[PDB]
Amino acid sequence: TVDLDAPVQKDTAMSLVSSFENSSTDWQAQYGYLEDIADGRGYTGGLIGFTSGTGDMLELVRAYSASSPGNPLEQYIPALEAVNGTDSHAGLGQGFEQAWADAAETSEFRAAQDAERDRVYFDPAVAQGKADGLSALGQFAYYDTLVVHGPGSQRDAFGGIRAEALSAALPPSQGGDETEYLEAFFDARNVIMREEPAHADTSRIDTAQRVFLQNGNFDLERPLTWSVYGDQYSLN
């Protein structure tokens, strides 16, 4: 079976998401990413945009300090605990930004980021996609939704988005046509993307994922070409 967790499909998924987050297919270059993009989530960092506002950057740092005691970020745990649930930089700032840059040089921090990615975002996407009888492209649709909207049963989280899809169209696991199901899933997601100004550009769906679907590239196979934000990417 061709799934998004095969080595090449996973590598493709990482480049897709890095194009959407960082306008680069060079996903391995993004572990050191750190920016407050003025969305109200505070610091956004690393491969998949962990945030200081939403809990996951804190969870990542705590896991990193478990596996690598005394790393440069560990001293910023109390400040990450204090700012969680807000976009405050209080207690972080230049020393924290330099500590992120230092940690991103280490295989240990990259491994922590990979682990958090896989536990919270990638493995749930793939497992749920397979349960729904989706192809690699469908699993990808799930993974990008979890990256942007996060896990959860709320209407604006992955679980709610998937629920809304299922209300509109049967998944392939129940005999539904995959194209119709993914159209309904993209259209459920579109609604949610548009409710937030930082998310209102939907090009990561419209000029990339919908294009793969139109092309019938269900295995998300290379060569692949797409656009996001008006810029073209390709993978071979």
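Just count from 1 along the sequence shown to find any residue number.
Between 197-205 and 26-34, name whichever shows the higher mean Cα B factor according to the PDB entry.
It is 197-205.
Going by the B-factors listed in the PDB entry, is the mean over the C-alpha atoms higher for 41-49 or for 186-194?
Comparing 41-49 with 186-194, the higher mean C-alpha B-factor belongs to 186-194.
According to the deposited entry, which of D102, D114, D123, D132 has the largest Cα B-factor?
Highest C-alpha B-factor among the listed options: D102.
Among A127, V147, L137, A157, which carries the highest Cα B-factor?
Reading the PDB entry, the winner on C-alpha B-factor is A157.
Per the entry's values, where does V211 land by CA temperature factor relative to the rest of its chain, in the lowest, middle or highest third?
According to the entry, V211 has a C-alpha B-factor in the chain's lowest third.
Compared with the other modelled residues in the chain, in which third is the CA B-factor of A141?
According to the entry, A141 has a C-alpha B-factor in the chain's lowest third.
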